[PDB]
Every structure is written in structure tokens, then in C-alpha cells.
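Enquirer: 3D model of this:
(5 chains, ligands or ions: 5)
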Amino acid sequence: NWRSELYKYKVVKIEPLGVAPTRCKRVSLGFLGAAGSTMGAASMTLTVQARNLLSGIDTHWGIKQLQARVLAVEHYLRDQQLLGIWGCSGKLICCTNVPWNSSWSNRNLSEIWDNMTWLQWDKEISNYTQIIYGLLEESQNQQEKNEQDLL
Amino acid sequence: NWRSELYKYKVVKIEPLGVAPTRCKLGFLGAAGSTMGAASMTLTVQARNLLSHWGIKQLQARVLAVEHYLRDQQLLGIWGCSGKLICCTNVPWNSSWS
Amino acid sequence: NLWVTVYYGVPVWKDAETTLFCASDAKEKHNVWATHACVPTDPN
Amino acid sequence: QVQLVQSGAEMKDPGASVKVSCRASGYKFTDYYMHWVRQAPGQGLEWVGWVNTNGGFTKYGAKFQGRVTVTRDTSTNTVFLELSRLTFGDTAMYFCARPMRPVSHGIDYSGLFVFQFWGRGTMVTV
Amino acid sequence: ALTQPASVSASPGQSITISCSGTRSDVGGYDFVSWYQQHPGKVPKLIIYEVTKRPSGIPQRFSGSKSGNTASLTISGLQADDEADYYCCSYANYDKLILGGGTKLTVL
Ligand SMILES: *[C@@H]1O[C@H](CO)[C@@H](O)[C@H](O)[C@H]1NC(C)=O
Ligand SMILES: *[C@@H]1O[C@H](CO)[C@@H](O)[C@H](O)[C@H]1NC(C)=O
Ligand SMILES: *[C@@H]1O[C@H](CO)[C@@H](O)[C@H](O)[C@H]1NC(C)=O
Ligand SMILES: *[C@@H]1O[C@H](CO)[C@@H](O)[C@H](O)[C@H]1NC(C)=O
Ligand SMILES: *[C@@H]1O[C@H](CO)[C@@H](O)[C@H](O)[C@H]1NC(C)=O
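Expert: Numbers count the residues shown, from 1 in each chain, chains lettered A, B, ... in the order given. Ligands and ions are numbered 1, 2, ... in the order given. Next up is the structure itself:
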């Protein structure tokens, strides 16, 4: 009876942290817009996507509200913490010092940004994302911060 | 009966913040037994592990983890060290501090 | 040549289960499926 | 110095297809996208599309999706606009254009949406 | 797609504005807004880009502005050389570029 009402709806977790090759060396309208658009075009909407990730676009209901708010804070802070330990705490587009490994993806760069969407990219890089994060954390950010502290 | 199983387990609170004198202006807790400096190249592995019988107890544990993380982030921000991991604060060492 | 760039706010999602809460239109405090302790919905 | 040379005007019966070339020089071909726009007589200017010459990836206006194919030849530095299923409403001057800046992928697209250098344009009559 | 006045006019030496109205996703949310000039029978040229910037070769009399979801081009000191069709351009919400309908400017 409830499926007949919820048939239109799917619950998805937003993964606002993406990694992609570039040429760098270091309102809620449109909230998930450009999801079906290619990358690049979907990189110009980061401001609206980054916002509303903290607030959004009967004991039982109160506990579900508490679980929802704690979970939202937990995920928001996991993403902001990842940005912090990467040295990206408030840049929104954070260029890094990790060279791109062709073993992760070799799509001539133009295909990633002009044809490929962020969803397709996330599906293709899901097996490497943990390696990319490891290099962002263990190698370049703590080494960069130590080097900046070698006064 | 449980002590005889928990004899080798201890719960410890992780204190990711610390201070050390400098001249300036291993998935989790690995290199804890290594010397400092060498253990400063394994700081993000501990930071990444922060924020990792009754639902209220689980929520209290998760809110406590969030509060401890944010207390440490508040300490970094209030010191001007937000998001830096290694931050030189220009406060002189008082010599009596070891 | 190419370097890793981190983007926060990418329109990416994965199928996931999550605790859902309730919202209601205005407020009967004695309703079985109580709408008190629910957040009001947006006017639009 | 930007030189954009387009093919001559073509007459086409409704339902025919036309290929409008735009050869370019004065800049590195693969560093800049090629844009196409449509200026219909007696009315305003409509955007047709763009092609990333360094990979050949294209975008089209919603009105032009499924009717227009844009390709590029990196050996002759020439971009081709192929208009299919022409109708009477497709009579227009078709211009090619060079954007103001090279596109910095994933970082800075500000120079892609500004048409800095314009070609002469060619008529398509239906 | 993009709303633009059909025509504007004023006497020589007066200051006028040409409006451009899109939605939040096209003009309000992006600063990549530009203006173009087509003299009758001539190749289009760039007047304004990025709301406030001018290319080399265009005099300072053409001053762009944007507020809310509405952009405008201010032309202070109309000359007979400026009698041209003015067009507004902006980024569309996703992967697209939208143009206005064209404003015919005359000098009275
Ligand atoms: C790239 O990836 C391969 C396989 O994961 C690895 O062996 C290699 O060391 C990586 N290259 C660099 C430069 O880190
Ligand atoms: C771009 O992606 C789409 C996805 O359906 C694919 O069909 C298309 O061929 C790709 N473009 C090129 C030029 O390969
Ligand atoms: C990731 O690894 C799994 C291992 O089973 C494999 O099936 C999958 O195709 C891999 N995905 C990519 C994108 O390489
Ligand atoms: C433990 O001490 C030995 C002493 O030789 C040293 O070689 C080793 O690297 C130390 N372990 C760590 C994790 O630092
Ligand atoms: C150490 O701190 C005390 C105050 O607690 C101060 O009086 C003393 O001078 C300091 N010592 C040095 C060496 O700065």
C-alpha cells in the first residue's frame, strides 16, 4: 500500500567529494543539478551542491529526527574532515600535488570533462578512490604541511 | 567470566591534538611507538579514523565522537590552525615544559 | 601532466539506506501517526 | 590574428542535409573549442553548439539535439557542422566562432562562453 | 529562451540601459554573461563579457552590470556608430548557452 505511493522515490546518499585529473599543480535551486550533465558543466554548480548539505534543500518521530540530524552532521563532518586533511578545507575546487596515475583512468582528459558525467566518473573510479585519498592524505598533504613547517 | 576474555583489551581515548617545540614561526595509530617527526608523517591516518543494545546509546556515542572531533577542530580554529595538521603558532616555549 | 583535483559538491550519489524523519503540513496531537514532533514542510 | 574561413552559401530542399565547414588559423586548433551559432533573418541570434577540438566532444542547443552533428578534423584544422532534416525555419546565416580563452578543464570555463573572434558566416537557404 | 527588450532608443548623448532577464539557473547563478553588437550586415562583435569586463578595442562607454537574475548593458553617450542590434548571452543552466532575442538600438 505504501509501495504504491513510494514507487516514484529512491533514497540516495550524496557523495560530494570527487577526484578528477586536471592541469593544476597546487538558494537550493539546482541542488543536484548537472548530475546527468557532463563534468566541468557540473563543476560550475559546486557552490549550491556544497550548501544545503547541513540543513537540506511521539518518541518514535523524535528519535528518527535525532538519528537524521546526527547522521547528517556525521556525514557533513566526514566530508569536511576529508577536505581538511587534504588541505582543501574551504576551496570547493581544491587543486592538489598528487600526479594522476594512468592506471586509475586514462581517458585523454577531454573525455572526462566534456563527455563523461560525474556519476559515470564515480562508477569508474570507485575502485581507485581509496588509493587517491590515501595519496592525498599520507603523501602530499602531510608532507606539504611539514615542508611548510621546515622554517 | 568476561574479564578472562577482556584481559588483553583496553579502551583508550584518542587525543589527535598535541604540542611540541620546533624552530618555526600503519592504518590507525601506527608509528605510535616510533619517535616524533617520523610519527609526523603518519598524522592523517589517525585523523581519518575520527568520525568513523539501545539506539540512544549508539547516538550518544556518535554525538560524543562528533563533539570530540569538533572540540579538536575548535581548538585548531581558535588557535588559527584550522585545516593545517602541522601549525606553528608563534608562541615561545617556556623552557620549564620538559 | 595531470594532477588530482578535489571537488566538493559534485552531483554524485550512490544507492543507500538511511533513517528518514517526518514532515507535516501544519501540526491533531492525538493522531495515531502523530504529526507533532515533525518539522513543518516548506510552504512550497 | 585569428582567421576563420567558412564555406560558401548552399541551397537545400527541405529534408536535405548540409555540411558547413569552418577552417581556422592564427591559434593552436586543439587549445580552443569551436562554436557555431545561427542568425535567422528578421529575428534574433540562436546558439547551435560547440566542439572541443582536443577530443572532438560536442554540446548542442536543445532545439538542435538529434538534427545537428558537429565534428572536427585536427589535421586540416577544420570543424564541420552537419545539419540534417532541414526545414523552412532553418534558413539562416551560420557563424563559427573562437572563444576568448583556452578552456582549463575542470577549473575555469569562463572563457568558453564568450565569443571573442567571429567568422564571416555563410547562408543556408531552405 | 532568454528575455530581452525588442528595441531601445534615445537622442544623441543620452545614457540608456538594455535589460536582459533570465532565471536564477542561467543569469542569476552564473557571472558568465556577455553582450554582442551586430551592425546591420556586419559580423557580430563582443561588447561585454563576464558581466563587467570589456575586451580590448571596445570603448569604456559600454558598461555591463548584473543584479539578482537581471543583467544590463549601460550605454552612456549614444553615437550614430552605435545603431546596431544588441544581443545578450549567458550560460544556460547545464552544458548549454542561451542568447536573447536582440535589441534594435536607434539614435533619435
Ligand atoms: C600507479 O599505479 C600503479 C598500480 O597501482 C603503481 O604500481 C604505481 O606505483 C603508481 N604510480 C605512481 C607514480 O605512484
Ligand atoms: C559520450 O557518452 C555517451 C554516453 O551514452 C556515448 O554514447 C557517446 O558515444 C560518448 N561520446 C563519444 C564521442 O564517444
Ligand atoms: C572493481 O573491482 C571489482 C572486483 O570484483 C570488479 O568486478 C569491478 O569491475 C572493478 N571496477 C572497475 C571500475 O574497475
Ligand atoms: C622500533 O625500534 C627499532 C630499533 O631499531 C627501529 O628500527 C624500528 O623502526 C622502530 N619501529 C618503529 C615503528 O618506528
Ligand atoms: C615560564 O612561565 C612562567 C609563568 O608560568 C614565567 O614566569 C617564566 O618566566 C617562564 N619562563 C621562561 C623561561 O620564559
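
Enquirer: Would you map the strands across chain A?
Expert: The residue ranges that make up the strands of chain A, judged by DSSP state E, are A:12-14, A:17-22, A:93-99.

Enquirer: Of these, which is nearest residue D:35?
Expert: If you check each of those against residue D:35 by C-beta to C-beta, strand A:17-22 wins as the nearest, at 22.8 Å. Just so you know, the C-beta spots here come from the backbone N, C-alpha and C atoms, and that holds for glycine as well.

Enquirer: got a list of what the nearest residue to residue C:19 once chain neighbours are set aside touches?
Expert: Setting aside the residues directly before and after it, residue C:19 is nearest to residue A:67 in space (C-beta to C-beta, 6 or more residues apart in numbering or on different chains), at 4.2 Å. Residues counted as contacts of residue A:67 (C-beta atoms under 8 Å, 6 or more residues apart in numbering or on different chains) are B:55, B:59, C:19, C:21.

Enquirer: Pick out whichever of those sits closest to ligand 4.
Expert: Each of those was scored against ligand 4 by C-beta to the nearest ligand atom, and residue B:59 proved nearest at 36.6 Å.

Enquirer: I'd like to know how far the closest one sits from residue A:56.
Expert: In this structure, residue B:59 and residue A:56 are separated by 19 Å, where distance is defined by C-beta to C-beta, to the nearest Å.

Enquirer: Dihedrals phi and psi, the one residue in chain A that gets nearest to chain E?
Expert: Relative to chain E, the nearest point of chain A is residue A:37 (4.1 Å; C-beta to the nearest C-beta). For residue A:37, the backbone dihedrals are phi -100, psi 170 (criterion: degrees, to the nearest 10).

Enquirer: How about the contacts made by it?
Expert: For residue A:37, the contact set (C-beta under 8 Å, 6+ apart) comprises A:117, C:11, E:94-95.

Enquirer: wait, which of these is closest to chain B?
Expert: Chain B lies nearest to residue C:11 out of the contacts of residue A:37, by C-beta to the nearest C-beta, at 23.4 Å.

Enquirer: Counting neighbours, what do you get for that closest one?
Expert: Residue C:11 has 28 neighbouring residues, counting by other C-beta atoms under 10 Å in any protein chain shown.

Enquirer: What distance do you get for the residue lying closest to it once chain neighbours are set aside to residue C:10?
Expert: The shortest distance from residue C:11 to any residue other than its chain neighbours is 3.7 Å, reached at residue A:35 (C-beta to C-beta, 6+ apart). Applying C-beta to C-beta, the value for residue A:35 to residue C:10 is 9 Å.

Enquirer: shared neighbours, the two?
Expert: Counting by C-beta under 8 Å, 6+ apart, the common neighbours of residue A:35 and residue C:10 are A:42, A:118.

Enquirer: more neighbours, these two?
Expert: Of the pair residue A:35 and residue C:10, residue C:10 is the one with more neighbours under other C-beta under 10 Å, namely 28 against 19.

Enquirer: So the more buried one is in contact with residue A:49, correct?
Expert: Yes - look at residue C:10 against residue A:49 with C-beta atoms under 8 Å: they come within range, at 7.0 Å.

Enquirer: how much space between the residue in chain A positioned nearest to chain D and residue D:56?
Expert: For chain A, the nearest residue to chain D under the criterion C-beta to the nearest C-beta is residue A:110, separated by 2.9 Å. Distance, residue A:110 to residue D:56, by C-beta to C-beta: 8 Å.

Enquirer: for residue A:16, same thing?
Expert: Taken as C-beta to C-beta, the spacing of residue A:16 relative to residue D:56 amounts to 31 Å.

Enquirer: Compare neighbour counts for those two and give me the winner.
Expert: Ranked by neighbour count (other C-beta under 10 Å), residue A:16 and residue D:56 place residue A:16 first, with 21 against 17.

Enquirer: which residues does that one contact?
Expert: By C-beta under 8 Å, 6+ apart, the contact list for residue A:16 reads A:49-50, A:53, A:79, C:8-10, C:12.

Enquirer: can you do 10 Å?
Expert: With contacts defined as C-beta atoms under 10 Å, 6 or more residues apart in numbering or on different chains, the neighbours of residue A:16 are A:46, A:49-50, A:53, A:75-76, A:79-80, A:82-83, C:7-13.

Enquirer: Output the strands of chain A in a markdown table, with distance to ligand 5 and mean neighbour count appended to each entry.
Expert: Written out in a markdown table, the entries for the strands of chain A read as follows (distance: least, C-beta to the nearest ligand atom, whole Å; neighbours: other C-beta atoms under 10 Å in any protein chain shown):
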| stretch | distance to ligand 5 | mean neighbour count |
| --- | --- | --- |
| strand A:12-14 | 50 | 15 |
| strand A:17-22 | 44 | 25 |
| strand A:93-99 | 38 | 20 |
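
Enquirer: Show me which residues of chain E are close to chain C?
Expert: residue E:94 (C-beta under 10 Å from any C-beta of the partner chain).

Enquirer: At the geometric centre of chain E, which residue do we find?
Expert: The geometric centre of chain E, computed from its C-alpha atoms, lies nearest to residue E:35 (C-alpha atoms, centre = their mean), at 3.7 Å.

Enquirer: does that one count as helix, strand or coil?
Expert: Following DSSP: H, G, I helix; E, B strand; the rest coil, residue E:35 is assigned to strand.

Enquirer: Including distance to ligand 4, could the contacts of residue A:67 go into JSON lines?
Expert: Putting the contacts of residue A:67 into JSON lines (distance: C-beta to the nearest ligand atom, whole Å) gives the following:
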{"residue": "B:55", "distance to ligand 4": "39"}
{"residue": "B:59", "distance to ligand 4": "37"}
{"residue": "C:19", "distance to ligand 4": "41"}
{"residue": "C:21", "distance to ligand 4": "46"}
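
Enquirer: Helices of chain A, start to end?
Expert: When assigned using DSSP state H, the helices of chain A occupy the ranges A:3-6, A:46-50, A:59-85, A:110, A:118-125, A:129-134, A:142-148.

Enquirer: just so I know, which of these lies nearest residue E:103?
Expert: Between residue E:103 and the helices of chain A, the shortest gap by C-beta to C-beta is with helix A:46-50, which sits at 30.3 Å.

Enquirer: Can the closest one be said to contact chain D?
Expert: No - under the criterion of C-beta under 10 Å from any C-beta, helix A:46-50 makes no contact with chain D; the nearest approach is 10.7 Å.

Enquirer: So which elements touch that helix?
Expert: Where contact means 3 or more C-beta pairs under 10 Å, 6 or more residues apart in numbering or on different chains; DSSP states H and E, helix A:46-50 is packed against helix A:59-85, strand C:3-8.

Enquirer: looking at those, which is buried most?
Expert: Using mean count of other C-beta atoms under 10 Å in any protein chain shown, the stretch among these with the largest mean neighbour count is strand C:3-8, at a mean of 24.

Enquirer: Check the offset of that strand from the chain's centre.
Expert: Averaged C-alpha coordinates place strand C:3-8 at 27 Å from its chain's average position (C-alpha atoms, centre = their mean, to the nearest Å).
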